[PDB]
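Containing mmCIF, N, CA and C atoms: coords_29.cif.
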```
data_my_file
loop_
_atom_site.label_atom_id
_atom_site.label_comp_id
_atom_site.auth_asym_id
_atom_site.auth_seq_id
_atom_site.Cartn_x
_atom_site.Cartn_y
_atom_site.Cartn_z
N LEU A 183 -104.87 42.72 -154.18
CA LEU A 183 -105.31 41.33 -154.22
C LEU A 183 -106.73 41.15 -153.71
N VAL A 184 -107.23 42.08 -152.90
CA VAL A 184 -108.59 42.01 -152.38
C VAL A 184 -109.59 42.70 -153.30
N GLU A 185 -109.23 43.88 -153.83
CA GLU A 185 -110.18 44.65 -154.63
C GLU A 185 -110.60 43.90 -155.89
N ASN A 186 -109.65 43.28 -156.58
CA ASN A 186 -109.99 42.52 -157.78
C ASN A 186 -110.82 41.29 -157.44
N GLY A 187 -110.54 40.66 -156.31
CA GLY A 187 -111.29 39.50 -155.88
C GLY A 187 -110.42 38.35 -155.42
N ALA A 188 -110.67 37.87 -154.20
CA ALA A 188 -109.93 36.76 -153.63
C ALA A 188 -110.77 36.15 -152.52
N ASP A 189 -110.18 35.22 -151.77
CA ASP A 189 -110.84 34.58 -150.64
C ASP A 189 -110.07 34.94 -149.37
N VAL A 190 -110.77 35.48 -148.38
CA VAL A 190 -110.14 35.93 -147.15
C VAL A 190 -110.21 34.82 -146.10
N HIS A 191 -110.58 33.62 -146.53
CA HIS A 191 -110.67 32.46 -145.65
C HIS A 191 -109.83 31.31 -146.20
N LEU A 192 -108.71 31.64 -146.83
CA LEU A 192 -107.82 30.63 -147.40
C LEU A 192 -107.00 30.01 -146.28
N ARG A 193 -107.46 28.86 -145.79
CA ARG A 193 -106.76 28.16 -144.73
C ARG A 193 -105.40 27.69 -145.23
N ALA A 194 -104.37 27.85 -144.39
CA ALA A 194 -102.98 27.58 -144.78
C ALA A 194 -102.38 26.58 -143.79
N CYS A 195 -102.55 25.29 -144.07
CA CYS A 195 -101.99 24.25 -143.24
C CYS A 195 -102.01 22.93 -144.00
N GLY A 196 -100.89 22.21 -143.95
CA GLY A 196 -100.79 20.91 -144.58
C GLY A 196 -100.02 19.93 -143.71
N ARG A 197 -99.62 20.39 -142.53
CA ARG A 197 -98.85 19.57 -141.60
C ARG A 197 -99.70 18.45 -141.00
N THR A 205 -90.23 24.58 -139.69
CA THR A 205 -89.98 25.86 -140.33
C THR A 205 -91.19 26.78 -140.22
N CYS A 206 -92.07 26.49 -139.27
CA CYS A 206 -93.26 27.28 -139.01
C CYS A 206 -93.32 27.63 -137.53
N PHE A 207 -94.02 28.72 -137.23
CA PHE A 207 -94.20 29.18 -135.86
C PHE A 207 -95.67 29.23 -135.44
N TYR A 208 -96.56 28.62 -136.22
CA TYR A 208 -97.99 28.55 -135.94
C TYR A 208 -98.58 29.95 -135.74
N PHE A 209 -98.58 30.70 -136.83
CA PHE A 209 -99.20 32.02 -136.84
C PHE A 209 -100.72 31.97 -136.91
N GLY A 210 -101.30 30.81 -137.16
CA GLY A 210 -102.73 30.71 -137.36
C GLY A 210 -103.07 30.44 -138.81
N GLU A 211 -103.99 29.51 -139.06
CA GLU A 211 -104.25 29.08 -140.42
C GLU A 211 -105.03 30.10 -141.23
N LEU A 212 -105.54 31.17 -140.60
CA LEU A 212 -106.29 32.16 -141.35
C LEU A 212 -105.43 33.40 -141.63
N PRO A 213 -105.67 34.08 -142.75
CA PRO A 213 -104.88 35.30 -143.04
C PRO A 213 -105.05 36.40 -142.01
N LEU A 214 -106.24 36.54 -141.42
CA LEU A 214 -106.43 37.55 -140.39
C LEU A 214 -105.57 37.26 -139.17
N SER A 215 -105.47 35.99 -138.77
CA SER A 215 -104.59 35.63 -137.67
C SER A 215 -103.13 35.93 -138.00
N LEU A 216 -102.73 35.72 -139.26
CA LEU A 216 -101.37 36.07 -139.67
C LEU A 216 -101.14 37.57 -139.58
N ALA A 217 -102.11 38.37 -140.02
CA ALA A 217 -101.97 39.82 -139.94
C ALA A 217 -102.01 40.33 -138.51
N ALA A 218 -102.65 39.60 -137.60
CA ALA A 218 -102.73 40.02 -136.21
C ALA A 218 -101.51 39.60 -135.39
N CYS A 219 -101.01 38.38 -135.60
CA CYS A 219 -99.85 37.91 -134.85
C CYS A 219 -98.63 38.78 -135.12
N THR A 220 -98.36 39.06 -136.39
CA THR A 220 -97.37 40.06 -136.75
C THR A 220 -97.94 41.44 -136.49
N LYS A 221 -97.14 42.32 -135.90
CA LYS A 221 -97.64 43.62 -135.45
C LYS A 221 -97.89 44.50 -136.66
N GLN A 222 -99.10 44.42 -137.22
CA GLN A 222 -99.47 45.19 -138.40
C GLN A 222 -100.89 45.69 -138.20
N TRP A 223 -101.02 46.92 -137.69
CA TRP A 223 -102.35 47.48 -137.45
C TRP A 223 -103.03 47.87 -138.75
N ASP A 224 -102.27 48.31 -139.75
CA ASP A 224 -102.86 48.78 -140.99
C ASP A 224 -103.60 47.67 -141.73
N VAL A 225 -103.01 46.48 -141.79
CA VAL A 225 -103.66 45.38 -142.50
C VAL A 225 -104.94 44.96 -141.80
N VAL A 226 -104.90 44.86 -140.47
CA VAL A 226 -106.09 44.47 -139.71
C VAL A 226 -107.18 45.52 -139.88
N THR A 227 -106.81 46.80 -139.81
CA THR A 227 -107.78 47.87 -139.97
C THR A 227 -108.41 47.85 -141.36
N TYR A 228 -107.59 47.61 -142.40
CA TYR A 228 -108.13 47.52 -143.75
C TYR A 228 -109.11 46.36 -143.87
N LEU A 229 -108.78 45.22 -143.28
CA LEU A 229 -109.71 44.11 -143.25
C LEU A 229 -110.90 44.42 -142.35
N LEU A 230 -111.99 43.70 -142.58
CA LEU A 230 -113.23 43.78 -141.81
C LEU A 230 -114.00 45.07 -142.07
N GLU A 231 -113.41 46.01 -142.81
CA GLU A 231 -114.06 47.28 -143.09
C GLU A 231 -114.24 47.55 -144.57
N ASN A 232 -113.17 47.51 -145.36
CA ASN A 232 -113.18 47.96 -146.75
C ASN A 232 -113.75 46.93 -147.73
N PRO A 233 -113.33 45.66 -147.70
CA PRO A 233 -113.77 44.72 -148.73
C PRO A 233 -115.29 44.56 -148.75
N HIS A 234 -115.83 44.38 -149.95
CA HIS A 234 -117.26 44.10 -150.09
C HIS A 234 -117.64 42.82 -149.37
N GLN A 235 -116.74 41.83 -149.36
CA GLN A 235 -116.90 40.64 -148.54
C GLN A 235 -115.77 40.61 -147.52
N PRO A 236 -115.95 41.21 -146.35
CA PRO A 236 -114.87 41.32 -145.38
C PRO A 236 -114.64 40.00 -144.66
N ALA A 237 -113.57 39.95 -143.88
CA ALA A 237 -113.24 38.77 -143.10
C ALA A 237 -114.20 38.66 -141.91
N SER A 238 -114.07 37.59 -141.14
CA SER A 238 -114.88 37.39 -139.95
C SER A 238 -113.97 37.34 -138.73
N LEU A 239 -114.30 38.15 -137.72
CA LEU A 239 -113.50 38.20 -136.50
C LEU A 239 -113.67 36.95 -135.65
N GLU A 240 -114.65 36.10 -135.95
CA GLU A 240 -114.91 34.88 -135.21
C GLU A 240 -114.63 33.63 -136.05
N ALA A 241 -113.68 33.72 -136.97
CA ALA A 241 -113.34 32.58 -137.82
C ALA A 241 -112.66 31.49 -137.00
N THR A 242 -112.54 30.31 -137.60
CA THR A 242 -111.96 29.16 -136.93
C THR A 242 -110.98 28.46 -137.87
N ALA B 303 -58.38 27.62 -130.37
CA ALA B 303 -59.13 26.52 -129.77
C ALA B 303 -58.30 25.69 -128.80
N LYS B 304 -57.00 25.57 -129.03
CA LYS B 304 -56.14 24.76 -128.17
C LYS B 304 -55.90 25.39 -126.81
N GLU B 305 -55.89 26.72 -126.72
CA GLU B 305 -55.42 27.42 -125.54
C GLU B 305 -56.52 28.25 -124.89
N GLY B 306 -57.70 27.68 -124.74
CA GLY B 306 -58.78 28.42 -124.11
C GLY B 306 -59.20 29.59 -124.99
N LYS B 307 -59.17 30.79 -124.42
CA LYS B 307 -59.45 32.03 -125.15
C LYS B 307 -60.80 31.95 -125.86
N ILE B 308 -61.85 31.88 -125.03
CA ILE B 308 -63.19 31.61 -125.55
C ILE B 308 -63.69 32.77 -126.40
N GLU B 309 -63.33 34.01 -126.04
CA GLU B 309 -63.92 35.17 -126.70
C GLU B 309 -63.54 35.24 -128.17
N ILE B 310 -62.24 35.18 -128.46
CA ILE B 310 -61.79 35.26 -129.85
C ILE B 310 -62.22 34.02 -130.62
N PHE B 311 -62.22 32.86 -129.97
CA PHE B 311 -62.68 31.63 -130.62
C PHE B 311 -64.14 31.74 -131.02
N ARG B 312 -64.98 32.28 -130.14
CA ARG B 312 -66.38 32.49 -130.48
C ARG B 312 -66.54 33.51 -131.60
N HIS B 313 -65.76 34.60 -131.55
CA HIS B 313 -65.90 35.63 -132.58
C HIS B 313 -65.53 35.09 -133.95
N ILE B 314 -64.48 34.27 -134.04
CA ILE B 314 -64.08 33.73 -135.33
C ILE B 314 -65.16 32.81 -135.90
N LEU B 315 -65.78 31.99 -135.04
CA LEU B 315 -66.81 31.07 -135.51
C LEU B 315 -68.03 31.81 -136.03
N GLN B 316 -68.55 32.75 -135.25
CA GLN B 316 -69.76 33.49 -135.61
C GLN B 316 -69.39 34.86 -136.16
N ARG B 317 -68.75 34.85 -137.33
CA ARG B 317 -68.24 36.06 -137.96
C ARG B 317 -69.04 36.34 -139.22
N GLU B 318 -69.75 37.47 -139.22
CA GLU B 318 -70.60 37.87 -140.34
C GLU B 318 -70.24 39.29 -140.75
N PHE B 319 -69.95 39.48 -142.04
CA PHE B 319 -69.61 40.79 -142.60
C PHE B 319 -70.56 41.08 -143.75
N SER B 320 -71.29 42.19 -143.65
CA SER B 320 -72.21 42.62 -144.69
C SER B 320 -71.61 43.78 -145.46
N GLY B 321 -71.56 43.66 -146.79
CA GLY B 321 -71.00 44.68 -147.63
C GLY B 321 -70.06 44.11 -148.67
N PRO B 322 -69.04 44.89 -149.04
CA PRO B 322 -68.05 44.40 -150.01
C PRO B 322 -67.16 43.29 -149.47
N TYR B 323 -67.14 43.07 -148.16
CA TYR B 323 -66.33 42.03 -147.53
C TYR B 323 -67.14 40.78 -147.23
N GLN B 324 -68.10 40.45 -148.09
CA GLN B 324 -68.90 39.25 -147.90
C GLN B 324 -68.08 37.96 -147.92
N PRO B 325 -67.15 37.75 -148.86
CA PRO B 325 -66.49 36.43 -148.92
C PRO B 325 -65.76 36.03 -147.65
N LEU B 326 -65.23 36.97 -146.88
CA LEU B 326 -64.57 36.63 -145.63
C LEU B 326 -65.54 36.67 -144.45
N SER B 327 -66.62 35.92 -144.57
CA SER B 327 -67.57 35.70 -143.49
C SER B 327 -67.71 34.21 -143.24
N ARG B 328 -68.19 33.87 -142.05
CA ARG B 328 -68.35 32.48 -141.66
C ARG B 328 -69.80 32.08 -141.44
N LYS B 329 -70.62 32.98 -140.90
CA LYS B 329 -72.05 32.73 -140.71
C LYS B 329 -72.83 33.57 -141.72
N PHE B 330 -73.57 32.91 -142.60
CA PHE B 330 -74.40 33.59 -143.59
C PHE B 330 -75.86 33.51 -143.16
N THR B 331 -76.49 34.66 -142.98
CA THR B 331 -77.93 34.66 -142.76
C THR B 331 -78.65 34.36 -144.07
N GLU B 332 -79.84 33.76 -143.96
CA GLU B 332 -80.58 33.33 -145.13
C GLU B 332 -82.03 33.77 -145.01
N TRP B 333 -82.91 33.19 -145.83
CA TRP B 333 -84.31 33.60 -145.86
C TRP B 333 -84.91 33.56 -144.46
N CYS B 334 -85.65 34.61 -144.12
CA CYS B 334 -86.22 34.79 -142.79
C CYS B 334 -87.71 35.05 -142.94
N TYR B 335 -88.52 34.01 -142.73
CA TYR B 335 -89.97 34.13 -142.79
C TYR B 335 -90.49 34.35 -141.37
N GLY B 336 -91.06 35.53 -141.13
CA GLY B 336 -91.52 35.89 -139.81
C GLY B 336 -90.37 35.96 -138.83
N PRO B 337 -90.62 35.60 -137.57
CA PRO B 337 -89.57 35.60 -136.56
C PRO B 337 -88.61 34.42 -136.64
N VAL B 338 -88.61 33.66 -137.73
CA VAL B 338 -87.76 32.49 -137.87
C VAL B 338 -86.51 32.87 -138.65
N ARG B 339 -85.35 32.68 -138.03
CA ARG B 339 -84.06 32.91 -138.67
C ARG B 339 -83.46 31.58 -139.09
N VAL B 340 -82.75 31.59 -140.21
CA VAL B 340 -82.09 30.40 -140.74
C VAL B 340 -80.65 30.79 -141.04
N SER B 341 -79.71 30.31 -140.23
CA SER B 341 -78.30 30.62 -140.39
C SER B 341 -77.58 29.47 -141.07
N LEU B 342 -76.52 29.80 -141.79
CA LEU B 342 -75.66 28.84 -142.47
C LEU B 342 -74.25 29.04 -141.92
N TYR B 343 -73.81 28.14 -141.06
CA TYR B 343 -72.45 28.18 -140.55
C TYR B 343 -71.53 27.39 -141.46
N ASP B 344 -70.26 27.78 -141.47
CA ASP B 344 -69.24 27.08 -142.24
C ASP B 344 -68.60 26.00 -141.37
N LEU B 345 -68.14 24.93 -142.02
CA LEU B 345 -67.61 23.76 -141.33
C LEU B 345 -66.18 23.50 -141.78
N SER B 346 -65.23 24.16 -141.12
CA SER B 346 -63.84 23.74 -141.10
C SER B 346 -63.47 23.12 -139.76
N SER B 347 -64.47 22.87 -138.92
CA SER B 347 -64.30 22.34 -137.57
C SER B 347 -64.99 20.99 -137.43
N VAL B 348 -64.86 20.14 -138.45
CA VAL B 348 -65.45 18.81 -138.45
C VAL B 348 -64.36 17.79 -138.73
N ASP B 349 -64.44 16.63 -138.08
CA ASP B 349 -63.45 15.59 -138.25
C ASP B 349 -63.70 14.71 -139.47
N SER B 350 -64.81 14.92 -140.18
CA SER B 350 -65.12 14.15 -141.37
C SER B 350 -64.14 14.50 -142.48
N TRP B 351 -63.24 13.57 -142.80
CA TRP B 351 -62.21 13.75 -143.82
C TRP B 351 -61.29 14.93 -143.52
N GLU B 352 -61.15 15.29 -142.24
CA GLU B 352 -60.28 16.39 -141.83
C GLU B 352 -59.50 15.91 -140.60
N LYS B 353 -58.29 15.41 -140.83
CA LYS B 353 -57.43 15.03 -139.72
C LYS B 353 -57.00 16.27 -138.95
N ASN B 354 -56.95 16.14 -137.62
CA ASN B 354 -56.57 17.23 -136.73
C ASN B 354 -57.52 18.42 -136.90
N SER B 355 -58.78 18.19 -136.56
CA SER B 355 -59.82 19.20 -136.63
C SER B 355 -60.00 19.90 -135.29
N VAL B 356 -60.91 20.87 -135.26
CA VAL B 356 -61.15 21.63 -134.04
C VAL B 356 -61.78 20.76 -132.96
N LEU B 357 -62.66 19.83 -133.36
CA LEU B 357 -63.30 18.96 -132.38
C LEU B 357 -62.29 18.08 -131.65
N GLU B 358 -61.33 17.50 -132.37
CA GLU B 358 -60.31 16.69 -131.72
C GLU B 358 -59.41 17.53 -130.83
N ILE B 359 -59.04 18.73 -131.27
CA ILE B 359 -58.17 19.59 -130.48
C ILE B 359 -58.86 19.98 -129.18
N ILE B 360 -60.14 20.33 -129.24
CA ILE B 360 -60.88 20.64 -128.02
C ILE B 360 -60.99 19.41 -127.14
N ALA B 361 -61.27 18.25 -127.74
CA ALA B 361 -61.54 17.05 -126.94
C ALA B 361 -60.27 16.48 -126.33
N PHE B 362 -59.18 16.41 -127.10
CA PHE B 362 -57.98 15.69 -126.68
C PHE B 362 -56.81 16.62 -126.36
N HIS B 363 -56.41 17.47 -127.30
CA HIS B 363 -55.19 18.26 -127.15
C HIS B 363 -55.47 19.61 -126.48
#
```
Translate this structure into structure tokens?
Amino acid sequence: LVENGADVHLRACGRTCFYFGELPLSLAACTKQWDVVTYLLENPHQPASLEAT
Amino acid sequence: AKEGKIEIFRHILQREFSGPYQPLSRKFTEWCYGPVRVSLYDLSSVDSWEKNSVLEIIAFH
């Protein structure tokens, strides 16, 4: 989904939720997934931002 | 339910069987997004259109 092209800043909120964070990076970090976080910020031509809001 | 015995009463209410014995279960787990669980309990213990239900037996008898 990243290699072909997408947006890594797709905010997810319109308010059965636990407030994982409106950014995909926060979702990948709250759930214990080191591989997804490591893949982000390094591989994509347009990587995510560690200081997003 | 009438005669105390909390352990067996609890086990019967929260009874889940995974496998070929699915139909004889009482609590069905459902879609689980993240750490959020959604359980479906069965209701044979409600007084709505059920005379002499579990709630009345616990409360009165």
>> Distance limit 12 Å, atoms considered: only C-alpha atoms. Which chain B residues sit that close to chain A? Return them as a count of residues only.
In response: 8
> Hey, what's within 9 Å of region 222-236 of chain A if we count only C-alpha atoms and toss same-chain stuff fewer than 6 positions away? As a ChimeraX atom specification, please?
Replying inline: /A:184-185,189-190,214
Emit the selected residues as a short mmCIF file (atom, residue, chain, number, x, y, z; two decimals), keeping the file's coordinate frame, including N, CA and C atoms.
```cif
data_model
loop_
_atom_site.label_atom_id
_atom_site.label_comp_id
_atom_site.auth_asym_id
_atom_site.auth_seq_id
_atom_site.Cartn_x
_atom_site.Cartn_y
_atom_site.Cartn_z
N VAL A 184 -107.23 42.08 -152.90
CA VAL A 184 -108.59 42.01 -152.38
C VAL A 184 -109.59 42.70 -153.30
N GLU A 185 -109.23 43.88 -153.83
CA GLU A 185 -110.18 44.65 -154.63
C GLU A 185 -110.60 43.90 -155.89
N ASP A 189 -110.18 35.22 -151.77
CA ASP A 189 -110.84 34.58 -150.64
C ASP A 189 -110.07 34.94 -149.37
N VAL A 190 -110.77 35.48 -148.38
CA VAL A 190 -110.14 35.93 -147.15
C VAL A 190 -110.21 34.82 -146.10
N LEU A 214 -106.24 36.54 -141.42
CA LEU A 214 -106.43 37.55 -140.39
C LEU A 214 -105.57 37.26 -139.17
#
```
> What is the CA of residue 195 (chain A)-CA of residue 342 (chain B) distance in Å, reported with one decimal?
Replying inline: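 These two atoms are separated by 26.7 Å.
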> Which value, in Å to one decimal, gives the distance between atom C of residue 343 (chain B) and CA of residue 311 (chain B)?
Replying inline: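 Going from atom C of residue 343 (chain B) over to CA of residue 311 (chain B), I get 14.6 Å.
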>> Residues near residue 359 (chain B), anyone? I mean within 6 Å using only N, CA and C atoms, not counting same-chain ones fewer than 4 positions away, as a PyMOL selection string.
In response: chain B and resi 303-304+354-355+363
>> Residues within 7 Å of (-65.6, 33.2, -142.4), file coordinates, counting all atoms listed in the file: what are they? Give the list as a list in words.
In response: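 Applying the cut-off with all atoms listed in the file, one gets residues 314, 315, 317, 318, 325, 326, 327, 328 and 329 of chain B.
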> Could you pull out all residues of chain B with a DSSP call of alpha helix (DSSP H) and give them as a count of residues only?
Replying inline: 14
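A straight line drawn from atom C of residue 240 (chain A) to CA of residue 210 (chain A) is 12.3 Å long.
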> Neighbours of residue 357 (chain B) within 5 Å (all atoms listed in the file; same-chain residues fewer than 3 positions away dropped), as an MDAnalysis selection string?
Replying inline: chainID B and resid 347 360:361
Okay, now the selection with N, CA and C atoms, as a short mmCIF file (atom, residue, chain, number, x, y, z; two decimals), in the frame of the given file?
```
data_model
loop_
_atom_site.label_atom_id
_atom_site.label_comp_id
_atom_site.auth_asym_id
_atom_site.auth_seq_id
_atom_site.Cartn_x
_atom_site.Cartn_y
_atom_site.Cartn_z
N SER B 347 -64.47 22.87 -138.92
CA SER B 347 -64.30 22.34 -137.57
C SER B 347 -64.99 20.99 -137.43
N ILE B 360 -60.14 20.33 -129.24
CA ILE B 360 -60.88 20.64 -128.02
C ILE B 360 -60.99 19.41 -127.14
N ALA B 361 -61.27 18.25 -127.74
CA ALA B 361 -61.54 17.05 -126.94
C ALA B 361 -60.27 16.48 -126.33
#
```
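Running DSSP on the backbone gives strand (DSSP E or B) for these residues within chain B: residues 329, 330, 331, 341, 342 and 343 of chain B.
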> Care to translate the PyMOL selection byres ((chain A and resi 192) around 6.5) into actual residues of this file, as a ChimeraX atom specification?
Replying inline: /A:189-191,193-194,211-213
Centre, edges in Å (one decimal): axis-aligned box, region 218-231 of chain A, 6 Å padding on all six sides, as lines of an AutoDock Vina configuration file:
```
center_x = -105.7
center_y = 43.3
center_z = -139.7
size_x = 29.1
size_y = 22.9
size_z = 21.7
```
